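> Below is a structure I'd like to ask you about.
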There are 2 protein chains.
Amino acid sequence: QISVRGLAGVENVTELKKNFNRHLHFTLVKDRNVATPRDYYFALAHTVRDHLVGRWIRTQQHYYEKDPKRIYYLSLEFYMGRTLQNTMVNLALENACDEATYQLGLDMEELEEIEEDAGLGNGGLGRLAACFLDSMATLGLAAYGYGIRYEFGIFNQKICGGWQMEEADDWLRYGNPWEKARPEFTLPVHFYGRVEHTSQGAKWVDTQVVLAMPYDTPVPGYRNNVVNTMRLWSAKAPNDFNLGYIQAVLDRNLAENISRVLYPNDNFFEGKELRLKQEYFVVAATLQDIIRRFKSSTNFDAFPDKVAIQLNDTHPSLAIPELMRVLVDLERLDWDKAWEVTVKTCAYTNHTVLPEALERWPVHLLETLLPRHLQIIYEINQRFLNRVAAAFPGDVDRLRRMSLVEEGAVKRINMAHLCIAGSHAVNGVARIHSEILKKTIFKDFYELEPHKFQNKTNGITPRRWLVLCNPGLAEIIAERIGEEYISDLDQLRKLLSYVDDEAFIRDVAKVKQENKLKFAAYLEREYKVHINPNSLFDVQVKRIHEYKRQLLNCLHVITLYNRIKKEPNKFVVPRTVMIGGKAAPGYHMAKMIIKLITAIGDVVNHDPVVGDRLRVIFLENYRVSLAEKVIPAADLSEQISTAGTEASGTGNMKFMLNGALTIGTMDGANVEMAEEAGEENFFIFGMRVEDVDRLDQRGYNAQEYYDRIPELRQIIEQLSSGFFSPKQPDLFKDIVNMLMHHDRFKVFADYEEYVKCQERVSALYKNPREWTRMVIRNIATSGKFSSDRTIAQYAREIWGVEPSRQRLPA
Amino acid sequence: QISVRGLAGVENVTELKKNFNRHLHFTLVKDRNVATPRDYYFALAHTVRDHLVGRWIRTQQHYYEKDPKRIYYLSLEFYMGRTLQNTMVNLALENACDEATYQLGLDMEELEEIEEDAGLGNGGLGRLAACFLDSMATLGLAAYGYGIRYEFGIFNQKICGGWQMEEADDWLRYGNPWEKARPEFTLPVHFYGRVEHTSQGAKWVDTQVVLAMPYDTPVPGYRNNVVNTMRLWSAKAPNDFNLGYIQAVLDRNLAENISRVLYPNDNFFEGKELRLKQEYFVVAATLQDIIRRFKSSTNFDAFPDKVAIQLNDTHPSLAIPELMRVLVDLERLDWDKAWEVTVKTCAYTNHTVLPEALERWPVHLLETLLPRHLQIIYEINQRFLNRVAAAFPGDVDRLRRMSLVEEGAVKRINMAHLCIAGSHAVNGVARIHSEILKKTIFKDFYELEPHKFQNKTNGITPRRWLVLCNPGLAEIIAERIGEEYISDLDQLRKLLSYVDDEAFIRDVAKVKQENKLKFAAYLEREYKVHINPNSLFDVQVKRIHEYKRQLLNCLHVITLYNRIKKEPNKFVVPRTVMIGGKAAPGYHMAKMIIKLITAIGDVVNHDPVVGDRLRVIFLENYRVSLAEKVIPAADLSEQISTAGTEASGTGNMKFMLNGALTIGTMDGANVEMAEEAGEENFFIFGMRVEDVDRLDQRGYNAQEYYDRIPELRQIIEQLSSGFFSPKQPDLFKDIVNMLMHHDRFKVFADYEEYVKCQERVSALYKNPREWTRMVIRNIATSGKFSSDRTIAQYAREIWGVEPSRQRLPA
Ligand SMILES: OC[C@H]1O[C@@H](NC(=S)N/N=C/c2ccc(O)cc2)[C@H](O)[C@@H](O)[C@@H]1O
Ligand SMILES: OC[C@H]1O[C@@H](NC(=S)N/N=C/c2ccc(O)cc2)[C@H](O)[C@@H](O)[C@@H]1O
Ligand SMILES: OC[C@H]1O[C@@H](NC(=S)N/N=C\c2ccc(O)cc2)[C@H](O)[C@@H](O)[C@@H]1O
Ligand SMILES: OC[C@H]1O[C@@H](NC(=S)N/N=C\c2ccc(O)cc2)[C@H](O)[C@@H](O)[C@@H]1O
């Protein structure tokens, strides 16, 4: 039907049809009379997966013969989403499958909707890992993603009476056709026990054993026949476990609980023993696998030439002392050489500056769980602090600031300090974030070792985030500049020479309109809600956090509502304001914010005077598959974190690529997006990092803003008095109290500039032609934010490997 | 290679080879350089399973069009064993697969050894269910086996220092290629709650819900293209389960524990809540499925014409009040009509007379767990007892004897009494057993309703138990009488006219010798033990129980040893004495018996004076796959239970069919085996049922035997003094104490006759020609003990359906 979706050749279509029927019959054990849509989805999944096999086998064969340096990306999160459409896109099968299913009397789109997301992540950090895997394959790198196969991913969110309820994400219930179990590469992981000292070395003994069983999922590159591996570990009890009898068998669950569930905290640290176990489990199994592969290529001097380990935040930081443990205790290398190998092997990526998000494990936990690792950590700290003492003689305060061991009521290990010490590179995820690392939280470390510190601005894959979710945009672009931009996103710059082209302007705007109509229809069907598709689609989608300032958006919404009620017969640009995202189950303020959003909707959406001029919708169960639908339909992208708090953001880049304009603070990657597009093509408002610092010195007084802005005072009085909760008038007192007396993120200080900047958005929207020309200038300059660029920089600047765009033989 | 294993046609062999390679590539994701024996097994399993699909689909289609009466066989146990070879046998694929694998450079036998048993049963009752499914398919009956998919089957037994250790039977670890998950037919099962009475009916409310997810396994008939279904339920938590957050997800395990593990008790009742839950779980899910299928054919009068439910012991006895619950509470039928339907639908098979094996559930358990069922049971009891009162006026003691409710310290429900009341037929499993039911434990019920009581003597399938495990015997038989006996085992009678045929005598004996050499080689390879293949193979394999009198065998063994040590230079017929079987983990005496057996071996097998004249071996981990190996190699079958205690036995029939002679008491099916073969062709010894009763009246005094038999006294003095346990001289005091003072099974009373009868065995073995002629007379008369005969009798006499030998279209 459309060009970018590949060829629908006669032989390919015939071949897909017959393999589809074969799978329906032999694999699913059904015929056409009894089959449900789900059976049809599964027959298609199996038909598609068959095309990965040859390439997957030959790619891994290739790495064995060529023996390139291997990249190991260790993450506790891989937020993959759905796999069917992505696989078709990367193999150029989409149009052929569309045609094959059409002739079988099936709608492929309807079948696509049946697949559950692999929701093995919380948000941005987990999605980054997934985008990275795609780019690593597309760039021909010998890369492996290693993580945990959680039985339950991020919870499904239901909204009940305006409140978030959680339900278990039982994503494996019907079976996962995209994975291959590899029980033959099952490995032991050790826990607890004690340290014994012998004549020649320490020994870790009397351990409890848990088995790590790998499941491999293929990662196809974009049309290059490269198929890499994501290996996810599942926890299994050994067979003599606990071995009255009935209870011993039932207690196997305790061991297997390690891989049961993803911790649902976005940007918050919870010092729970189960989480620690998960962190060690992935690290111990992965390293054994790494070393096995390295030996099957004694000379551990070549280890760093053949191995790179990337730590996705501090979550797999135990990789550092585990590598040391294996090299010293088992391989019998001397400490200093083992350490040299470790540093040159490992690199650490930091994803946050929020103090509450930094992992600081209590010493008593590590003592019981991983006694040898603690000993190794103490030894690392002693030797590191000796270097600091020598570089900064007599600077006693520097010593306690830089120590891996934090003193206090409970002694803790600072995992970030561990990571910096045991890595040859440390990067932040956007230029301002990386600068904040050098200037503030890791200042001491940067002064000791400036060479270690780097920036790698985040990106998103243009395969999932343009071609897959916005085929109509991808196609109107390809008609003018060809298809090569899909794996070389800098080519979008060529679109600048079409900014005054009347045909292109019309087409860009038509595609957006079609996406909005499709999403507006989606909302009615599955959620019975009415929206005006002519309105400006104002969307804020991301995890619910105080720092992300969904509350600032709320205040804007109420301001608009109050202004309409003030002058009802005045013209306003109509808006559909959509806010979505999950709150962490324990995060009370975030749950209150959700309730506020729905409570605002209840008032606004039923006021007869408002009409179809303002709608407020809470987008339930925001997740990768939902992002793929709402992002292409958006006009306005809300990126409004307090400057200095969003390390990068990636949602921001998704919106930019799909034809939304951005209202945002100079925070995270927003700064670089504004720089690429030009500041006149971005709706920038609010305090910069320096303004925040100035206010912090002086002291943030929210009352000042309340006193001087009458529109803001009215909103606070509405919230307090029970205007938005008539039956429970004090419902939102926690929110008012926080805003007035305890606001770490200074919502009030940015309110005036935000509202003003929002008026400028509405003005531009009144002029369809100029709105669209600014949109074109955003899409045209979004090339930098491809994860192919990001990964090319990791490869050259950290891992010491060259990317390749060459095809492997088909 | 051999005739009975089917044709190896050029097209079939070519087709198997290519489908094998296709599966190795697309299914397993391997090539020939990396594949292990297990991968090769799995490629073959998938290649074979593909041939079941068309037939499986068309068989179930057929039942839908013809709407025959359906048979539902409800069991908590299905001891299936391995499936690969059985599938090949029933589809006539064995020689073709053998040839296909040979040409790929593979030994199919070696691949067969890789498959784990489906060990979903304890022993005879579980194996009976499996044999029945095979016969039901072979006889063209519309039959379904319903049970539980246990994650852990019967434990693997390891012997450590002579003691049984248990390890979890993690049989699903590598995935089960023979099942198809059917998550779409998932059904709710209710637990706990309370009973509310409304204007129109009782209602069961506030229940905890557990989901029942079915897995279907095909059951192929022998060469008739009929493929029936075994449906096994797995327990799943609902998704809002318990729904702080992390714990709620982890607590899902509590619900899913229902299908976790098989209770390892053979012939013993343990009143554990988890077991009760398992019993209701299978019953509730199965009945919903039954009723669904019945409606998709309001007129519940036709229910019994379209449905038969067979209860395999009392384990699924809750079927009776559950059917009543559904018919009264949900369908709103009046009690009396619902009851009529129930009785005509249900039939009960009893498998034991041991009082400790009868299920008697505490009232307080049913009250909490199944409050409505208890109410229904009370109502059944009241109405049943009113019938008894009317038939036997003033017989107050009869009333309390027949009550479903037993009074005492704890009130209990007698599940056997429930079953008799709610069933139109009650059968025992061998003629003497069924007679014992009418004369003793169910005497009162037989007097009230003599028409209900029947016999159905057990059988074994000749597919697994001759063709599969003894191809060499099957072939020498087929050479003379054709292949038709495989599904008409009465034809073995034709072999009587070959009892003096010199060629046949030679061939029968050659096959046994070959089987003995193969098993003797098997023992050295996998267990490093030396045996003399010229010796008489004396085997007792079955679960370890006091009633089965492994101890009587032990005493014989020691007698032989003592006699040799007495007259070392006298000739004795050499014996290899093999004893194997699992003990229930809680059963202390059974565990002591195992230790005695190994301790005897330790002494006998290392005495230089004994030589290769006597060997005592404990066969570790006895299970279906091991039975298939040892039974064909056996010369002497030990069936030596105290008369009145073994309801039937089926092991006995397996040995008879495979060319072993039987030494046994007149107990269970032994009586009918002796009757078929002629008593001169059986080694019968010991007390009959009547002799046991006589001794019981008088009082069993073990001391009498100890005093009067000097050979027996010596053995007791050896056991007591520590001859068989020099380091722990008092090790066997519990055993001696039991034999001397507390022996329910009268081991001593049968000792003299046993030893004497064993001398007569040795004498016959000295005459190879006459041994073999007696063997021929056993095999020739083993036809009665085919489960095809058994199932034909259930069909005609209980279920009201005609068996059919006709082929369905291929
Ligand atoms: O069908 C559901 C089951 O599929 C199996 N996969 C098997 S047996 N082969 N898979 C091959 C394969 C997987 C991914 C591909 O891209 C290509 C082939 C997996 O190992 C199971 O974990 C899963 O439950
Ligand atoms: O391969 C391992 C997996 O196989 C799946 N089976 C599938 S997807 N199809 N099975 C078809 C089938 C089964 C038995 C047959 O005899 C014929 C076909 C089962 O549903 C899973 O429970 C199992 O783990
Ligand atoms: O670089 C990718 C993205 O990473 C996110 N960080 C996230 S989602 N978690 N960051 C830290 C963290 C997460 C879970 C924890 O349990 C502890 C720390 C940042 O907040 C984003 O600004 C950034 O775009
Ligand atoms: O009919 C088949 C076979 O059934 C067996 N009975 C068995 S193995 N269990 N019988 C009762 C029982 C089992 C487990 C329980 O938890 C309770 C009762 C009998 O002991 C055999 O003599 C007979 O051949």
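Numbers in chain B come straight from Swiss-Prot, and the residues shown are 13-255, 262-315, 325-837, in order.
Note that Cβ sites are derived from N, Cα and C of the backbone, with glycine treated the same way.
Here's the feature list from Swiss-Prot:
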MOD_RES   B:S15  phosphoserine
MOD_RES   B:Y204  phosphotyrosine
MOD_RES   B:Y227  phosphotyrosine
MOD_RES   B:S430  phosphoserine
MOD_RES   B:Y473  phosphotyrosine
MOD_RES   B:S514  phosphoserine
MOD_RES   B:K681  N6-(pyridoxal phosphate)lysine
MOD_RES   B:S747  phosphoserine
MOD_RES   B:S748  phosphoserine
SITE      B:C109  site 'Involved in the association of subunits'
SITE      B:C143  site 'Involved in the association of subunits'
SITE      B:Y156  site 'Can be labeled by an AMP analog'
> Just name the winner among B:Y204, B:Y473 (the modified residues) by count of other CB atoms within 10 A of its CB.
B:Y473
> Unmodelled stretch of 6 residues from B:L255 to B:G262; how many angstrom between the C-alpha atoms?
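Taking the Cα of each end residue, the distance is 9 Å.
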> To the nearest whole angstrom, what is the C-alpha distance linking B:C143 (site 'Involved in the association of subunits') and B:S747 (phosphoserine)?
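B:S747 (phosphoserine) has its Cα 43 Å from the Cα of B:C143 (site 'Involved in the association of subunits').
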> By the DSSP assignment reduced to helix, strand and coil, which category contains B:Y227 (phosphotyrosine)?
strand
> With every protein chain in view, how many other Cβ atoms are within 10 Å of the Cβ of B:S748 (phosphoserine)?
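The Cβ of B:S748 (phosphoserine) has 13 Cβ neighbours within 10 Å.
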> Would you identify the secondary structure of B:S747 (phosphoserine) according to DSSP, in three states?
helix
> Check each residue in the chain of B:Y156 (site 'Can be labeled by an AMP analog') that is at least six apart in sequence and keep those whose C-beta is under 8 Å from its C-beta; list them in sequence order.
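The list for B:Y156 (site 'Can be labeled by an AMP analog') reads B:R82, B:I83, B:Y84, B:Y85, B:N240, B:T241, B:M242, B:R243, given in order along the sequence.
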> Gap of 9 residues, B:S315 to B:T325: Cα distance in Å, to the nearest whole number?
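Both gap-flanking Cα atoms are 11 Å from one another.
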> Within 10 Å of its Cβ, which one of these modified residues (B:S15, B:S430, B:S514) has the largest number of other Cβ atoms?
B:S514
> Between the residue listed as 'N6-(pyridoxal phosphate)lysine' and B:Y473 (phosphotyrosine), find the distance joining the two CA atoms and give it rounded to the nearest Å.
32
> Which number gives the other C-beta atoms within 10 angstroms of the C-beta of B:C109 (site 'Involved in the association of subunits'), all protein chains shown included?
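A count of 28.
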> Using B:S748 (phosphoserine) as the reference point, find which of the recorded positions B:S15, B:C109, B:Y204, B:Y473, B:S514 has the shortest Cα-to-Cα distance to it.
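So, of the listed recorded positions, the one sitting closest to B:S748 (phosphoserine) is B:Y473.
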> Could you measure between B:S430 (phosphoserine) and B:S15 (phosphoserine) for me? Cα positions, answer in whole angstrom.
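It is 58 Å, counting Cα to Cα.
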> Can you tell which of the recorded positions B:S15, B:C109, B:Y227, B:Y473, B:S747 lies nearest to B:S514 (phosphoserine) in space, using Cα positions?
B:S15
> Please state whether DSSP places B:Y473 (phosphotyrosine) in a helix, a strand or coil.
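Once the DSSP labels are grouped into three classes, B:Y473 (phosphotyrosine) ends up as helix.
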> Take the C-alpha atoms of B:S15 (phosphoserine) and B:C109 (site 'Involved in the association of subunits') and report the distance between them in angstrom, rounded.
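B:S15 (phosphoserine) to B:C109 (site 'Involved in the association of subunits'), Cα-Cα distance: 14 Å.
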> Out of the modified residues B:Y227, B:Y473, B:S747, give me the one sitting nearest to B:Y204 (phosphotyrosine) by CA distance.
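The answer is B:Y227.
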> Any idea what the Cα distance is from B:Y473 (phosphotyrosine) over to B:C109 (site 'Involved in the association of subunits'), rounded to a whole Å?
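So the Cα of B:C109 (site 'Involved in the association of subunits') lies 53 Å away from that of B:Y473 (phosphotyrosine).
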> Taking DSSP three-state, what's B:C143 (site 'Involved in the association of subunits') in: helix, strand or coil?
helix
> Could you state the CA-to-CA distance between B:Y227 (phosphotyrosine) and B:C109 (site 'Involved in the association of subunits') to the nearest Å?
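For B:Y227 (phosphotyrosine) versus B:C109 (site 'Involved in the association of subunits'), the Cα atoms are 27 Å apart.
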